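>>> sequence first, structure after, both from an experimental entry:
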Amino acid sequence: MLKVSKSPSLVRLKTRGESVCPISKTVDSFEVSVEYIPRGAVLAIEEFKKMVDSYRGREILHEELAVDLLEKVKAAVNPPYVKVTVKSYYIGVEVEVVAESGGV
Amino acid sequence: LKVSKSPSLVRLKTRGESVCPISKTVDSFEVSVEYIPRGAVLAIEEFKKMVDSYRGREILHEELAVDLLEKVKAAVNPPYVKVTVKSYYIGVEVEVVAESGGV
Amino acid sequence: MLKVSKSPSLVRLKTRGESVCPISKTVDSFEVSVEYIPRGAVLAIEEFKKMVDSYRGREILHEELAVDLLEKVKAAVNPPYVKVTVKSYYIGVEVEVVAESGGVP
Amino acid sequence: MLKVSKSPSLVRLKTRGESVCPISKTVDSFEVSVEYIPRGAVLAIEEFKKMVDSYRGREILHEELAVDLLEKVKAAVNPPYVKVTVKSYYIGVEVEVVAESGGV
Amino acid sequence: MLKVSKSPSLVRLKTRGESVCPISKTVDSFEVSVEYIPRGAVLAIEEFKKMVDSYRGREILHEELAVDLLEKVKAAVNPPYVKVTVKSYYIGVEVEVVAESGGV
Amino acid sequence: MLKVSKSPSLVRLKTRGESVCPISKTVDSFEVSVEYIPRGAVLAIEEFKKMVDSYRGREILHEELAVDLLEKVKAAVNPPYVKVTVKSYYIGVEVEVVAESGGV
Amino acid sequence: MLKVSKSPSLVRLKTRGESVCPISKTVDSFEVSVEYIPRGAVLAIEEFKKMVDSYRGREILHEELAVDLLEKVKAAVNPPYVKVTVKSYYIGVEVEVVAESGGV
Amino acid sequence: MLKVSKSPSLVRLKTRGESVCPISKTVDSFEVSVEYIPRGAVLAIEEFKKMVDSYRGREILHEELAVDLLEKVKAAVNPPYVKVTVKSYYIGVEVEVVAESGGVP
Amino acid sequence: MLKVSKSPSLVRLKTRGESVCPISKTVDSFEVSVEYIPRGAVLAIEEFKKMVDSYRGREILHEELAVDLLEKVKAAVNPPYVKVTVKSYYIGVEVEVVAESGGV
Amino acid sequence: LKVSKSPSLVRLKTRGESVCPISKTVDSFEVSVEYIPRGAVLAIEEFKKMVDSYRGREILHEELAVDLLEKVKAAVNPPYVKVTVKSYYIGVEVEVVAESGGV
Ligand SMILES: *C(=N)c1c[nH]c2nc(N)[nH]c(=O)c12
Ligand SMILES: *C(=N)c1c[nH]c2nc(N)[nH]c(=O)c12
Ligand SMILES: *C(=N)c1c[nH]c2nc(N)[nH]c(=O)c12
Ligand SMILES: *C(=N)c1c[nH]c2nc(N)[nH]c(=O)c12
Ligand SMILES: *C(=N)c1c[nH]c2nc(N)[nH]c(=O)c12
Ligand SMILES: *C(=N)c1c[nH]c2nc(N)[nH]c(=O)c12
Ligand SMILES: *C(=N)c1c[nH]c2nc(N)[nH]c(=O)c12
Ligand SMILES: *C(=N)c1c[nH]c2nc(N)[nH]c(=O)c12
Ligand SMILES: *C(=N)c1c[nH]c2nc(N)[nH]c(=O)c12
Ligand SMILES: *C(=N)c1c[nH]c2nc(N)[nH]c(=O)c12
Ligand code: NA
Ligand code: NA
């Protein structure tokens, strides 16, 4: 969580990750965006990256994961707008989950 | 499947098979479902089995889309649902969209 | 014309064809695409293909074609909204034409 | 300028041309689109090709060109809306210019 | 600051620069964009290129960098709309930053 | 069949056509390339277009077509090497057929 | 097994199927290819489609699956060259398997 | 012609041009590409551009052009290997021509 | 390490990973292929995936990593041919390393 | 940098800047170096600094490639080296390859 006096309008951060599918205990690979308007504070990449690795080994639906991480983004830097998107692929099906908070 | 805090949107996408009524030929297609959850989440497996339900079935692309909307509405009643079907037949690319509800 | 008891919200059809350029009398390849909102009836793909094949050997500008084909789709399934897009390429020029009728009711 | 009965709603034309860069007198290669709402008339492709081609040998900024070609298309076929876009590259820089006139 | 009689509606310029990561002192690679509504004069490509080169060997975050460059464009040419986009990739994370100002 | 002085080393021609599928009497859309080493003669594009177009309405397998068009091109312009490739899609299946004659 | 008088030089057919992962009992999604030099007869698309559908709800590894299908093609049509390619994505890992036989 | 004290191993140049189709007398847009091995001298880009601009308004088949341009590059920098590739599009047909001379010594 | 009686001709496995750049202690994201002809045994994905995660937290050059993992592939399944490719990106530079063993 | 067991091949790639002699215009380019290590590895930073050496410098693309080959040969003497330079000038795409040695 990094200070900056003069703040930008929007920030997208995007990376890959790993969780577990609770139905069958298999590792699940996925992709995560986080889009946010800062006010004063700016999420650090190292931090965002730690936040994403928190789901290694852990059983969770991709729809939970997206919300879970939204709540964490608000924990650390509490911004008005935050969208989180989790793109994955399971059993021949491509999945995306957007979890949103605030207005554009 | 149920969530405490629902995500704002979900897109599922995959491939399936129907039969072309006119010609009784197998029709391969791709299909997306975009919905706003209210309480319930559609298990991926149940989505798959909805999509596999059309194997062997004679149906227009136009009807397949609409039939799948109903199904998804029935299974989890989202306030907004959009189903998209894409296929190719006799050199013609085909999309069909079936929406119900408010964004 | 194919009768459907539940009209889907939108349908796009898309395919290649050809015509003749009236200026130079050469064959003009194109993509065409019809996007429409059904009310009751659906355009059979076979009929759409027949509409597009109708332009083979026909002398006509692409701007004319988008509009000719629009009229056809109206006469056939009379939908409340129709958009025809023609895409082509002549003498180093990429060309798009769009023709529309009605609105998203 | 060829006269159709019913006008289409929208026409885009796109092609490549060249000009000279004022600063350095080297040739500039560019891509140019014109998008326009017809009224009675439609611009012949041959005529558009001649419009773009007239800039060969001519020293002009990408910015002035977008405007110059737009003024030509209004004068030729008088549409209620015209958008010209010029895309080019110069000394490691991707450049796009738009010039519009009238109502969407 | 090249004067033009008739301004275009919108200009985008895009290119690559470097700077330095504060945390780790590592040379940072990035893609950068300025979209702006010119008022009276356009930004010379050469000038813009200079602006972006100016950050070579400088300690700045991708979030601050975007903001600074927005300031510079407003000085140089004074447009009523300016958007700056920065794109990068640090430590397995893709990063975008947008910095806006005014109405379109 | 147009006669050049010095022959090129290699010509590819590629276009779209249609046929009927024997099994089901529906139309098959395909992409077809012919690659050939010229000797004195070069196949006119108009003549090639007519070759591909003659299959409209004709029931034939993609496989037999590749061969049939190859026999036509040898008969028209008699190259020491010809490769025809036919690409198509049918009931969820991507299909490619090659038919070659002679020496690379 | 469709007979043809003059065989083509090479045929590729490509499509999607499913099977089941042994370890985890999860429905496995995959892309599959057969390239073959036909001798006397070609494989009907329909037949091939059948071959690949045959694995729905079967316990097999992506490595065995490739091999089995190679066997089947050799039975059905008996070509002197056959290559089968399988492609997948299990648990964040992209997987290709090739299974050859004979000379080209 | 630009003299170079150390010849690189290969150079490709690639650009767009136009010509005229002798059949229909329309303008034909194309990509062209020259690949060569220098021995001593390098083709200036400005001269390459001049060679390609030489075909504007000129009636000529693309097969003829690949070969015409090949001869030019030979006359200019006389390299031990040259490959000219022309790419074009006429009446729904994608076209490639290749012309070669010499080998990888 | 999985048995299969009848073995395939080739297998590519490809995934992403994380190591450390020893020069500056920053996490390094990368991509890894492994291409191999099996004999009898077949590397399991779970295993390959564990082998790739072994480099989390660890300081190593990308040129070491590729060789290191080659040696590990031979540890577990000892095949004639093995290629390993590691694509990464550091300080504005795109890097690939192929580490090979045996013949094609 | 030195390796015990050398990798069989290495590709480095990045962007740089020179000056066009004819026109004194800045020339942006992309450049790859593919080499077979023998003992020594080229540090990425040293590669970068080789590529940055051409800023401000008037040089043909043809010569830049060849100059960079020499440099790489000098720094680490690989038995096979291939340098590739790509640029755009007056509407013409340019590649130059400079190889030395055996694959
Ligand atoms: C595994 N992660 C998994 C299995 N089935 C799922 N269904 C839905 N809807 N979301 C998931 O994350 C699922
Ligand atoms: C076969 N699926 C088929 C054949 N003709 C069709 N026409 C329309 N409109 N829709 C289809 O799904 C068709
Ligand atoms: C040939 N198709 C042709 C030639 N010139 C044209 N100009 C316009 N505007 N539209 C066309 O279809 C043209
Ligand atoms: C040459 N065309 C050139 C050189 N520098 C330029 N800067 C701007 N803004 N526009 C141009 O067209 C330029
Ligand atoms: C390095 N430039 C760097 C390292 N971590 C960063 N985090 C954020 N938020 N922004 C940066 O520019 C960073
Ligand atoms: C129709 N063209 C058709 C249907 N099934 C086919 N199988 C094969 N091998 N080839 C074809 O051209 C086929
Ligand atoms: C599931 N199908 C699965 C899980 N792990 C695998 N490992 C290998 N080598 N092959 C597979 O098909 C695997
Ligand atoms: C016009 N460029 C033209 C028309 N027909 C052609 N046929 C062949 N073979 N080559 C051409 O350049 C042609
Ligand atoms: C960091 N991992 C790093 C820094 N510099 C490097 N140079 C080379 N050649 N390889 C690496 O993996 C490097
Ligand atoms: C500028 N970099 C420039 C101008 N003309 C050139 N010609 C050749 N052959 N190579 C270059 O790098 C050139
Ligand atoms: Na443009
Ligand atoms: Na083809």
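Ah, there it is. Numbers count the residues shown, from 1 in each chain, chains lettered A, B, ... in the order given. Ligands and ions are numbered 1, 2, ... in the order given.
>>> going forward, measure contacts between C-alpha atoms and count neighbours the same way
Will do.
>>> got phi/psi on the residue of chain A found nearest ligand 12?
The nearest approach of chain A to ligand 12 comes at residue A:92, 29.0 Å away (Cα to the ion). When read as degrees, to the nearest 10, the backbone of residue A:92 gives phi 80, psi 10.
>>> hey, where'd the helices end up in chain A?
A:45-53, A:62-77 (DSSP state H).
>>> winner for burial among these?
helix A:62-77 (a mean of 19; mean count of other Cα atoms under 10 Å in any protein chain shown).
>>> ok and that helix relative to strand B:9-19, angle-wise?
Interaxial angle of helix A:62-77 relative to strand B:9-19 (axes from the mean of the first three to the mean of the last three Cα atoms, to 10 degrees): 160 degrees.
>>> hmm, helix A:62-77 in reach of ligand 5?
No - judged by Cα under 6 Å from any ligand atom, helix A:62-77 stays clear of ligand 5, getting no closer than 11.6 Å.
>>> CA atoms only: put that helix into CSV for me.
Presented in CSV, the C-alpha positions along helix A:62-77 are these (Å, rounded to 0.1, in the frame of the first residue of the first chain):
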residue,chain,number,x,y,z
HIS,A,62,-14.2,-19.0,-8.7
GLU,A,63,-17.3,-17.0,-7.8
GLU,A,64,-16.2,-16.8,-4.2
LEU,A,65,-12.6,-16.1,-5.1
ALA,A,66,-13.6,-12.9,-7.1
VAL,A,67,-15.7,-11.6,-4.3
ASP,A,68,-13.2,-12.6,-1.6
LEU,A,69,-10.4,-10.6,-3.4
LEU,A,70,-12.7,-7.6,-3.9
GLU,A,71,-13.1,-7.4,-0.1
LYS,A,72,-9.3,-7.7,0.3
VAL,A,73,-8.7,-4.8,-2.2
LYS,A,74,-11.1,-2.7,-0.1
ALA,A,75,-9.2,-3.9,3.1
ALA,A,76,-5.9,-2.5,2.0
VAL,A,77,-6.7,0.6,-0.1
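>>> returning to that earlier point: which among the helices of chain A is found nearest to chain E?
helix A:45-53 (7.3 Å; Cα to the nearest Cα).
>>> counting contacts, what elements does the closest one pack onto?
Counting contacts by 3 or more Cα pairs under 8 Å, 6 or more residues apart in numbering or on different chains; DSSP states H and E, helix A:45-53 packs against strand A:10-20, helix A:62-77.
>>> to residue G:41, which of the helices of chain A lies closest?
Taking Cα to Cα, helix A:62-77 is the member of the helices of chain A nearest to residue G:41, at 48.7 Å.
>>> what about the closest one, near chain B?
Yes - counting by Cα under 8 Å from any Cα of the partner chain, chain B has neighbours in helix A:62-77: A:63-64, A:66-67.
>>> do stretch A:79-94 as well
Yes - against chain B, stretch A:79-94 shows contacts by Cα under 8 Å from any Cα at A:92-94.
>>> which positions in chain A make contact with chain G?
Contact residues, chain A versus chain G (Cα under 8 Å from any Cα): A:24, A:26-30, A:91-92.
>>> PyMOL command to pick out the buried ones of those?
In PyMOL, a selection of the buried entries from the residues of chain A next to chain G looks like this (16 or more other Cα atoms under 10 Å in any protein chain shown):
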select buried, chain A and resi 26+27+28+29+30+91+92
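>>> just put the residues of chain A next to chain G in a markdown table and tack on distance to residue F:4.
Converted to a markdown table, those look like this (distance: Cα to Cα, whole Å):
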| residue | distance to residue F:4 |
| --- | --- |
| A:24 | 68 |
| A:26 | 65 |
| A:27 | 64 |
| A:28 | 62 |
| A:29 | 59 |
| A:30 | 58 |
| A:91 | 58 |
| A:92 | 54 |
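>>> what is the nearest of the residues of chain A next to chain G to residue F:59?
residue A:92 (35.7 Å).
>>> check the gap between the residue nearest to residue A:18 when sequence neighbours are not counted and residue G:100 for me.
Using Cα to Cα, 6 or more residues apart in numbering or on different chains and skipping residues adjacent in sequence, the residue nearest residue A:18 is residue A:29, 4.6 Å away. From residue A:29 across to residue G:100, the span is 31 Å (Cα to Cα, to the nearest Å).
>>> ok, now residue A:31?
From residue A:31 to residue G:100 the distance is 35 Å (Cα to Cα).
>>> out of these two, which sits in the busier spot?
residue G:100 (19 against 16; other Cα atoms under 10 Å in any protein chain shown).
>>> the more buried one touches residue G:83, doesn't it?
Yes - using Cα atoms under 8 Å, residue G:100 is in contact with residue G:83, at 4.3 Å.
>>> find residues that contact each of those two.
Shared contacts of residue G:100 and residue G:83 (Cα atoms under 8 Å, 6 or more residues apart in numbering or on different chains): residue G:70.
>>> count of neighbours near the residue of chain A found nearest chain H?
Going by Cα to the nearest Cα, chain H is nearest to residue A:94 of chain A, at 35.3 Å. For residue A:94, the count of nearby residues is 16 (other Cα under 10 Å).
>>> touching, it and residue B:13? I think so.
Yes - under the criterion of Cα under 8 Å, residue A:94 makes contact with residue B:13 at 5.0 Å.
>>> from the residues of chain A next to chain G, which is closest to ligand 5?
Closest to ligand 5 out of the residues of chain A next to chain G is residue A:30 (21.4 Å), distances taken as Cα to the nearest ligand atom.
>>> isn't the closest one right up against residue A:88?
Yes - in this structure, residue A:30 is within contact of residue A:88 by Cα under 8 Å, at 4.4 Å.
>>> quick check: residues of chain A near ligand 1?
A:21-23, A:61-63.
>>> can you narrow these to ones near ligand 3?
Restricting these to those near ligand 3 - Cα under 6 Å from any ligand atom - leaves none.
>>> tally up the residues packed near residue A:3, please.
12.
>>> name the nearest residue to it, sequence neighbours excluded.
Closest residue to residue A:3 apart from its sequence neighbours, by Cα to Cα, 6+ apart: residue A:41 at 4.7 Å.
>>> right, I'll call it a day here.
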